[PDB]
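Source file entry-v7.txt; content: compact mmCIF, C-alpha atoms.
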# COMPACT_ATOMS: atom_id res chain seq x y z
CA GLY A 1 -38.00 26.98 -48.65
CA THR A 2 -38.03 24.89 -45.38
CA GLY A 3 -35.76 22.43 -43.45
CA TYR A 4 -34.48 25.25 -41.13
CA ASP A 5 -35.53 23.10 -38.08
CA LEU A 6 -33.53 19.90 -39.05
CA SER A 7 -30.06 21.28 -37.98
CA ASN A 8 -29.12 22.80 -34.55
CA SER A 9 -27.06 25.97 -35.36
CA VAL A 10 -29.24 27.07 -38.39
CA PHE A 11 -31.06 30.48 -38.33
CA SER A 12 -34.64 30.50 -39.77
CA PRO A 13 -35.62 33.51 -41.99
CA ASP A 14 -37.19 35.20 -38.87
CA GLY A 15 -33.83 34.90 -36.98
CA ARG A 16 -34.96 31.96 -34.74
CA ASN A 17 -33.25 28.61 -33.86
CA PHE A 18 -36.09 26.00 -34.08
CA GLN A 19 -33.96 23.15 -32.53
CA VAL A 20 -33.69 25.32 -29.32
CA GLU A 21 -37.51 25.99 -29.39
CA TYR A 22 -38.13 22.19 -29.84
CA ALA A 23 -35.91 21.56 -26.74
CA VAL A 24 -38.28 23.97 -24.82
CA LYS A 25 -41.18 21.54 -25.71
CA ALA A 26 -39.21 18.68 -23.97
CA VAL A 27 -38.96 21.00 -20.86
CA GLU A 28 -42.70 22.00 -20.95
CA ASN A 29 -43.50 18.21 -21.18
CA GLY A 30 -41.48 17.58 -17.96
CA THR A 31 -42.34 17.75 -14.20
CA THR A 32 -42.89 21.18 -12.46
CA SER A 33 -40.03 22.64 -10.28
CA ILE A 34 -39.84 26.08 -8.51
CA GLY A 35 -37.40 28.39 -6.64
CA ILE A 36 -38.31 31.06 -3.99
CA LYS A 37 -35.79 33.81 -2.97
CA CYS A 38 -36.40 34.66 0.77
CA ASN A 39 -34.90 37.59 2.81
CA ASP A 40 -31.52 35.78 3.50
CA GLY A 41 -31.55 32.66 1.22
CA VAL A 42 -33.35 30.57 -1.48
CA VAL A 43 -35.79 27.55 -1.37
CA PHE A 44 -36.01 24.87 -4.15
CA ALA A 45 -38.99 22.44 -4.54
CA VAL A 46 -39.98 19.84 -7.25
CA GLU A 47 -42.90 17.46 -8.11
CA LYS A 48 -41.89 13.72 -8.19
CA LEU A 49 -44.52 11.69 -10.18
CA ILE A 50 -45.04 8.26 -8.45
CA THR A 51 -45.31 5.94 -11.55
CA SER A 52 -46.24 2.95 -9.27
CA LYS A 53 -46.14 1.74 -5.59
CA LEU A 54 -42.84 0.01 -6.70
CA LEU A 55 -40.91 3.39 -6.53
CA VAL A 56 -39.03 3.40 -3.14
CA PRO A 57 -40.30 6.54 -1.31
CA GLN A 58 -37.71 9.35 -0.57
CA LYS A 59 -34.96 7.55 -2.64
CA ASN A 60 -35.03 8.87 -6.29
CA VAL A 61 -33.62 12.37 -5.37
CA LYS A 62 -33.84 15.04 -8.16
CA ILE A 63 -32.50 18.29 -6.51
CA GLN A 64 -28.64 18.31 -6.88
CA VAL A 65 -26.02 20.31 -4.85
CA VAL A 66 -23.08 22.15 -6.57
CA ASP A 67 -20.03 22.78 -4.28
CA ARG A 68 -21.66 23.06 -0.75
CA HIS A 69 -23.63 26.40 -1.10
CA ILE A 70 -25.48 26.07 -4.52
CA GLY A 71 -28.74 24.10 -5.12
CA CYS A 72 -29.83 23.04 -8.67
CA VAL A 73 -33.29 21.67 -9.74
CA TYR A 74 -34.44 21.16 -13.40
CA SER A 75 -37.53 20.18 -15.50
CA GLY A 76 -37.43 18.10 -18.75
CA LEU A 77 -34.83 15.41 -19.70
CA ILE A 78 -33.33 14.40 -16.26
CA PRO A 79 -30.10 12.97 -17.83
CA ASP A 80 -29.47 16.35 -19.64
CA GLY A 81 -29.90 18.13 -16.23
CA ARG A 82 -27.40 15.71 -14.55
CA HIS A 83 -24.89 16.39 -17.43
CA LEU A 84 -25.26 20.20 -16.79
CA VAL A 85 -24.71 19.83 -12.96
CA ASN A 86 -21.67 17.51 -13.65
CA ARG A 87 -20.24 20.43 -15.74
CA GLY A 88 -21.33 22.99 -13.07
CA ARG A 89 -19.44 20.98 -10.37
CA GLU A 90 -16.24 20.82 -12.56
CA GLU A 91 -16.76 24.60 -13.20
CA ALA A 92 -17.15 25.46 -9.44
CA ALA A 93 -14.11 23.26 -8.50
CA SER A 94 -11.99 25.02 -11.22
CA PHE A 95 -12.98 28.48 -9.78
CA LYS A 96 -12.31 27.55 -6.07
CA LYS A 97 -8.93 25.91 -7.02
CA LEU A 98 -7.56 29.18 -8.58
CA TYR A 99 -9.38 31.92 -6.53
CA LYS A 100 -9.74 30.03 -3.13
CA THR A 101 -13.22 31.62 -2.42
CA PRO A 102 -16.28 29.44 -3.29
CA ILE A 103 -17.83 30.52 -6.68
CA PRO A 104 -20.29 33.47 -6.42
CA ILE A 105 -23.86 32.65 -7.69
CA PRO A 106 -23.74 35.23 -10.57
CA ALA A 107 -20.25 33.89 -11.57
CA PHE A 108 -21.63 30.27 -11.47
CA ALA A 109 -24.79 31.35 -13.43
CA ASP A 110 -22.75 32.71 -16.43
CA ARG A 111 -20.58 29.50 -16.31
CA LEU A 112 -23.71 27.31 -16.90
CA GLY A 113 -25.01 30.04 -19.30
CA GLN A 114 -21.92 29.98 -21.61
CA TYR A 115 -21.86 26.10 -21.65
CA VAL A 116 -25.61 25.77 -22.59
CA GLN A 117 -25.24 28.64 -25.18
CA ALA A 118 -22.24 26.70 -26.70
CA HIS A 119 -24.68 23.78 -27.49
CA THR A 120 -26.56 26.22 -29.87
CA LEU A 121 -23.40 27.20 -31.92
CA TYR A 122 -22.83 23.84 -33.78
CA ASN A 123 -24.99 21.25 -35.68
CA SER A 124 -22.76 18.41 -34.26
CA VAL A 125 -24.43 18.79 -30.77
CA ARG A 126 -28.09 18.87 -29.53
CA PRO A 127 -29.37 21.74 -27.29
CA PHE A 128 -30.11 20.97 -23.57
CA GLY A 129 -33.65 19.57 -22.97
CA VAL A 130 -33.90 21.19 -19.46
CA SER A 131 -34.73 24.57 -17.84
CA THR A 132 -32.57 24.72 -14.63
CA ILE A 133 -33.55 26.75 -11.49
CA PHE A 134 -30.48 27.22 -9.19
CA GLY A 135 -28.95 29.63 -6.61
CA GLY A 136 -27.64 30.02 -3.02
CA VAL A 137 -25.85 32.47 -0.63
CA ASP A 138 -22.46 34.18 -1.38
CA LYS A 139 -20.34 37.21 -0.18
CA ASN A 140 -23.20 39.76 -0.80
CA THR B 1 12.22 15.62 -8.27
CA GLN B 2 12.08 18.50 -5.71
CA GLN B 3 13.53 19.59 -2.29
CA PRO B 4 11.40 20.53 0.77
CA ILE B 5 11.52 24.28 1.79
CA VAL B 6 9.10 25.19 4.68
CA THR B 7 8.82 21.95 6.79
CA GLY B 8 6.87 20.57 9.80
CA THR B 9 8.57 18.08 12.20
CA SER B 10 7.32 14.90 14.06
CA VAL B 11 3.64 13.76 14.08
CA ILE B 12 3.08 11.28 17.01
CA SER B 13 0.00 9.00 17.55
CA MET B 14 -1.24 5.84 19.40
CA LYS B 15 -4.52 3.84 19.83
CA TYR B 16 -6.18 3.23 23.28
CA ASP B 17 -9.20 1.07 24.40
CA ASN B 18 -11.96 3.24 22.77
CA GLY B 19 -10.18 5.41 20.10
CA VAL B 20 -6.92 7.06 18.84
CA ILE B 21 -4.84 10.15 19.87
CA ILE B 22 -2.66 12.17 17.39
CA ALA B 23 -0.50 15.31 18.08
CA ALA B 24 1.90 17.64 16.13
CA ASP B 25 3.67 20.97 17.01
CA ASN B 26 2.57 24.31 15.41
CA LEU B 27 5.95 25.17 13.73
CA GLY B 28 6.88 25.81 10.06
CA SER B 29 10.74 25.58 9.84
CA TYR B 30 12.66 27.25 6.92
CA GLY B 31 15.87 25.15 7.27
CA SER B 32 17.42 26.17 10.67
CA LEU B 33 15.13 29.29 10.91
CA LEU B 34 11.93 28.76 13.03
CA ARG B 35 9.94 31.01 10.61
CA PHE B 36 6.14 30.37 11.16
CA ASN B 37 4.54 29.66 14.61
CA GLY B 38 0.76 29.60 13.75
CA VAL B 39 0.87 26.41 11.55
CA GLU B 40 -1.82 23.68 12.12
CA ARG B 41 -0.53 20.23 10.93
CA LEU B 42 -3.57 18.18 12.20
CA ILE B 43 -6.31 18.29 9.45
CA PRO B 44 -9.74 17.01 10.65
CA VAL B 45 -11.84 15.30 7.87
CA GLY B 46 -15.51 14.98 8.99
CA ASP B 47 -15.94 14.04 12.72
CA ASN B 48 -14.21 10.57 12.70
CA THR B 49 -10.75 11.21 11.03
CA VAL B 50 -7.71 13.50 11.74
CA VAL B 51 -4.82 13.56 9.17
CA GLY B 52 -1.47 14.57 10.79
CA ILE B 53 1.09 15.73 8.13
CA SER B 54 4.90 16.29 8.47
CA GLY B 55 7.34 17.48 5.73
CA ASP B 56 6.96 20.24 3.06
CA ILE B 57 4.15 22.67 4.15
CA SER B 58 3.41 23.76 0.50
CA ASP B 59 2.68 20.04 -0.30
CA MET B 60 0.75 19.78 3.06
CA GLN B 61 -1.52 22.74 2.02
CA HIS B 62 -2.09 20.91 -1.35
CA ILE B 63 -3.12 17.66 0.50
CA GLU B 64 -5.34 19.86 2.81
CA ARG B 65 -7.16 21.22 -0.32
CA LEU B 66 -7.47 17.62 -1.77
CA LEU B 67 -9.25 16.51 1.50
CA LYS B 68 -11.77 19.46 1.51
CA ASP B 69 -12.56 18.45 -2.14
CA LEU B 70 -12.97 14.74 -1.11
CA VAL B 71 -15.65 15.93 1.45
CA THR B 72 -17.38 18.20 -1.17
CA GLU B 73 -17.30 15.43 -3.88
CA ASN B 74 -18.59 12.74 -1.40
CA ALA B 75 -21.65 14.95 -0.52
CA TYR B 76 -22.61 15.13 -4.28
CA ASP B 77 -25.75 12.99 -5.09
CA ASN B 78 -25.30 11.32 -1.63
CA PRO B 79 -28.33 11.73 0.72
CA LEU B 80 -26.39 9.54 3.29
CA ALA B 81 -23.28 11.87 3.31
CA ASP B 82 -23.75 12.50 7.11
CA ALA B 83 -24.71 8.83 7.92
CA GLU B 84 -23.96 5.37 6.29
CA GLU B 85 -22.05 6.82 3.24
CA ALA B 86 -19.92 9.38 5.22
CA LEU B 87 -16.09 9.37 4.63
CA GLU B 88 -14.26 6.61 6.63
CA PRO B 89 -10.63 6.93 7.89
CA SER B 90 -9.80 3.84 5.69
CA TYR B 91 -11.36 5.58 2.58
CA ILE B 92 -9.40 8.85 3.27
CA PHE B 93 -6.10 6.92 3.90
CA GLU B 94 -6.29 4.63 0.78
CA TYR B 95 -6.94 7.77 -1.40
CA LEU B 96 -3.85 9.60 0.05
CA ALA B 97 -1.82 6.30 -0.12
CA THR B 98 -2.82 5.97 -3.86
CA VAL B 99 -1.79 9.64 -4.62
CA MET B 100 1.57 9.39 -2.70
CA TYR B 101 2.66 6.20 -4.64
CA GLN B 102 1.51 7.66 -8.05
CA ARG B 103 3.56 10.86 -7.37
CA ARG B 104 6.72 8.84 -6.37
CA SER B 105 6.15 6.68 -9.54
CA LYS B 106 6.10 9.91 -11.70
CA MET B 107 9.40 10.97 -9.93
CA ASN B 108 7.55 14.09 -8.55
CA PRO B 109 6.72 13.21 -4.91
CA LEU B 110 4.65 15.05 -2.25
CA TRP B 111 7.51 15.56 0.31
CA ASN B 112 5.44 14.41 3.34
CA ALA B 113 5.02 11.67 6.00
CA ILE B 114 1.26 11.31 6.83
CA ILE B 115 -0.59 9.52 9.72
CA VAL B 116 -4.38 8.96 9.21
CA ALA B 117 -5.87 8.57 12.75
CA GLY B 118 -9.63 7.90 13.21
CA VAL B 119 -12.45 5.48 14.26
CA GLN B 120 -14.34 3.36 11.63
CA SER B 121 -18.22 3.22 11.51
CA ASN B 122 -18.11 -0.20 13.34
CA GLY B 123 -16.07 1.40 16.23
CA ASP B 124 -12.67 -0.10 15.15
CA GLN B 125 -9.60 2.16 15.81
CA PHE B 126 -7.88 3.16 12.49
CA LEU B 127 -4.17 4.22 12.52
CA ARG B 128 -1.94 3.93 9.38
CA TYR B 129 1.19 5.74 7.98
CA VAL B 130 2.12 6.78 4.38
CA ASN B 131 5.15 8.83 3.10
CA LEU B 132 6.60 10.36 -0.15
CA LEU B 133 7.71 6.81 -1.31
CA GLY B 134 4.11 5.47 -0.95
CA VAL B 135 5.30 3.06 1.83
CA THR B 136 2.38 2.18 4.22
CA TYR B 137 2.21 0.38 7.64
CA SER B 138 -0.03 0.10 10.77
CA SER B 139 1.14 -0.31 14.43
CA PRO B 140 -0.44 0.36 17.88
CA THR B 141 1.94 3.43 17.92
CA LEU B 142 3.03 5.49 14.83
CA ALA B 143 5.36 8.55 14.59
CA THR B 144 7.01 10.46 11.65
CA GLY B 145 10.63 11.75 11.34
CA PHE B 146 12.12 12.37 14.85
CA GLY B 147 9.02 10.91 16.65
CA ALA B 148 9.91 7.47 15.15
CA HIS B 149 13.26 7.54 17.08
CA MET B 150 12.14 9.01 20.49
CA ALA B 151 8.27 9.04 20.73
CA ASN B 152 7.69 5.37 19.57
CA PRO B 153 10.04 3.88 22.26
CA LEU B 154 8.05 5.76 25.01
CA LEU B 155 4.54 5.05 23.52
CA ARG B 156 5.45 1.30 23.04
CA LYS B 157 6.02 1.04 26.88
CA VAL B 158 2.21 1.71 27.23
CA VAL B 159 1.09 -0.46 24.20
CA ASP B 160 3.85 -2.98 23.18
CA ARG B 161 1.46 -5.33 21.24
CA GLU B 162 -2.27 -5.48 20.19
CA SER B 163 -3.48 -7.18 23.46
CA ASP B 164 -2.37 -4.01 25.43
CA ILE B 165 -4.87 -1.68 23.55
CA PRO B 166 -8.06 -2.59 25.53
CA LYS B 167 -6.03 -2.17 28.82
CA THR B 168 -5.06 1.49 27.95
CA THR B 169 -7.39 4.40 29.04
CA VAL B 170 -7.71 7.94 27.48
CA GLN B 171 -5.93 9.50 30.55
CA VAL B 172 -2.90 7.08 30.35
CA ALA B 173 -2.69 7.38 26.50
CA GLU B 174 -2.97 11.24 26.40
CA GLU B 175 -0.45 11.60 29.33
CA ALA B 176 2.04 9.39 27.33
CA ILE B 177 1.49 11.58 24.17
CA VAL B 178 1.89 14.89 26.16
CA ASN B 179 5.14 13.51 27.78
CA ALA B 180 6.51 12.38 24.33
CA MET B 181 5.90 15.97 22.96
CA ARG B 182 8.05 17.43 25.85
CA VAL B 183 10.85 14.84 25.15
CA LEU B 184 10.77 15.94 21.43
CA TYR B 185 10.97 19.65 22.55
CA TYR B 186 14.13 18.73 24.60
CA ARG B 187 16.10 16.94 21.80
CA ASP B 188 14.53 17.98 18.39
CA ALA B 189 16.10 21.30 17.15
CA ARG B 190 13.26 21.69 14.54
CA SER B 191 10.50 21.39 17.26
CA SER B 192 8.21 23.94 19.06
CA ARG B 193 6.75 24.29 22.62
CA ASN B 194 3.23 25.02 21.19
CA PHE B 195 1.39 21.93 19.75
CA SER B 196 -2.14 20.68 18.82
CA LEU B 197 -3.66 17.35 20.09
CA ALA B 198 -6.73 15.51 18.62
CA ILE B 199 -8.64 12.58 20.29
CA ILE B 200 -11.10 10.50 18.14
CA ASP B 201 -13.12 8.37 20.66
CA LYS B 202 -15.92 5.94 19.55
CA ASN B 203 -18.16 7.47 22.35
CA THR B 204 -17.13 11.16 23.00
CA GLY B 205 -16.44 11.67 19.22
CA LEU B 206 -13.73 14.15 18.00
CA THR B 207 -11.96 16.41 20.61
CA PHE B 208 -9.56 18.94 18.92
CA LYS B 209 -7.28 20.78 21.45
CA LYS B 210 -5.43 23.96 20.23
CA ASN B 211 -2.68 26.18 21.81
CA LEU B 212 -1.31 23.39 24.12
CA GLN B 213 2.18 24.14 25.62
CA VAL B 214 4.95 21.77 26.94
CA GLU B 215 4.88 22.28 30.78
CA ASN B 216 6.71 20.72 33.83
CA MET B 217 10.21 21.04 32.19
CA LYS B 218 13.39 20.02 34.16
CA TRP B 219 16.11 22.72 33.57
CA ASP B 220 17.16 23.45 37.24
CA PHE B 221 20.04 20.84 37.05
CA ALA B 222 21.72 23.05 34.33
CA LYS B 223 23.22 25.51 36.94
CA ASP B 224 25.51 22.67 38.25
CA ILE B 225 27.11 22.08 34.76
CA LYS B 226 30.35 24.09 34.11
CA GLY B 227 33.03 23.67 31.36
CA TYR B 228 33.38 20.55 29.12
CA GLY B 229 35.67 18.46 31.43
CA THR B 230 38.36 20.02 33.69
CA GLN B 231 36.73 23.46 34.48
CA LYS B 232 35.62 23.84 38.18
CA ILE B 233 33.91 27.34 38.07
Would you put the structure from the file into structure tokens?
Amino acid sequence: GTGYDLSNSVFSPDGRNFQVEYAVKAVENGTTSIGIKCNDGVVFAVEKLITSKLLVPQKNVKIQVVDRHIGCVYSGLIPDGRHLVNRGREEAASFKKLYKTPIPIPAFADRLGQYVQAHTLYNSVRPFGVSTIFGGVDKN
Amino acid sequence: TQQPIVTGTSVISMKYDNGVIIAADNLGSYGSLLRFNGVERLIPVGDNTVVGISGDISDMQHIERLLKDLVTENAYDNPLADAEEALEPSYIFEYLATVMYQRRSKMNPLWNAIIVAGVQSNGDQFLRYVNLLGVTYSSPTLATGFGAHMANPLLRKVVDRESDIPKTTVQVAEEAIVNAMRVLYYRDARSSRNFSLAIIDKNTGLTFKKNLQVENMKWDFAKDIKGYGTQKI
């Protein structure tokens, strides 16, 4: 039958998770944001739609820092992005506390990866309505 | 409940016309053994605050990590992290003061005596003390452990009350601090010749001086001392 798209963790007959693919629509709907990897670093940029002259210029910042070396920018549901960076910051602090060294970018990537993936395992949570571009400089 | 193992001795400090000076020796004592000689006990936080810590070094290193986190966490979603919404000495102190009292109240203290020296955004000199009991106080001169007994008396001859602060220069204040460190090296058995000194001025900013040594020591009079009373040779 149908109804495979009403619950988060449910597989459709073609082995897809429709609730995840619906979250992608929320991202595609959102503002455009990019990342460029240069010869010794990374650059992040984002579009900020000016709804009206009432928006205070240069104030409603969107790009967020994790630790002191990682930049994060996202497109889609801004609150969902903030919730992911809040987790990322807790995750980076946890790593530094035990291992002393600031979290490597690949290490940090999988940390966000496993958390977002976890929100596709249960019907009691909604998937993240953001695609996040992030990175920085580490040991190598 | 715990007992301190590796320990740092006196932290001395005073406020002058334009800013504050703080100093502490570079020793990590293991009881009577002078074990570690490359120990920094003045922790700079931003460019307007220096935290001088005495007591258990393991607990000091913990507080050092807490401060680096406070800087990291303050920068988060804060475009004015290096301007209006930068960390203030008073913010850094009240946080440490809160932690110290909570830890004493859980009967698991951080075995330390801490002096937060710095200059506020409005140019006001900040100097306040906190220890393992969570007891706090401000004075024109502050000193921990042995410094309280020997340094304070000397530093209070330069600034006895508040009205004496604008009359005290950086030269006079630093000279008094450098002298007090020598006096502590004479009479404190858990002290070291090598010390660090930090000046936070509301004009020249933060000056951190490393690898200072106690100089101009009077020992020559020792040759004339023989026996413990009746001995003549």
Can you check which parts of chain B lie within 9 Å of chain A? Per residue, the shortest pair of atoms and distance in Å to one decimal, counting only C-alpha atoms, sorted by chain and number, as JSON lines.
{"residue": "B:65", "atom": "CA", "partner": "A:97", "partner_atom": "CA", "distance": 8.4}
{"residue": "B:69", "atom": "CA", "partner": "A:93", "partner_atom": "CA", "distance": 8.1}
{"residue": "B:72", "atom": "CA", "partner": "A:67", "partner_atom": "CA", "distance": 6.1}
{"residue": "B:73", "atom": "CA", "partner": "A:67", "partner_atom": "CA", "distance": 7.9}
{"residue": "B:75", "atom": "CA", "partner": "A:68", "partner_atom": "CA", "distance": 8.1}
{"residue": "B:76", "atom": "CA", "partner": "A:65", "partner_atom": "CA", "distance": 6.2}
{"residue": "B:77", "atom": "CA", "partner": "A:64", "partner_atom": "CA", "distance": 6.3}
{"residue": "B:79", "atom": "CA", "partner": "A:61", "partner_atom": "CA", "distance": 8.1}
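Take atom CA of residue 196 of chain B and atom CA of residue 217 of chain B: the distance between them is 18.2 Å.
The space between atom CA of residue 39 of chain A and atom CA of residue 92 of chain A spans 24.7 Å.
For the residues A:20, A:84, A:77, A:42, ranking by smallest atom-to-atom distance to residue 108 of chain A using only C-alpha atoms places A:84 first.
Excluding residue 58 of chain B itself and same-chain residues fewer than 4 positions from it, the residues having an atom within 9 Å of it are residues 4, 5, 6, 7, 62 and 63 of chain B, counting only C-alpha atoms.
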Distance criterion (only C-alpha atoms): nearest to residue 107 of chain A out of A:41, A:78, A:122, A:139: A:139
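One finds atom CA of residue 113 of chain B at 25.6 Å from atom CA of residue 202 of chain B.
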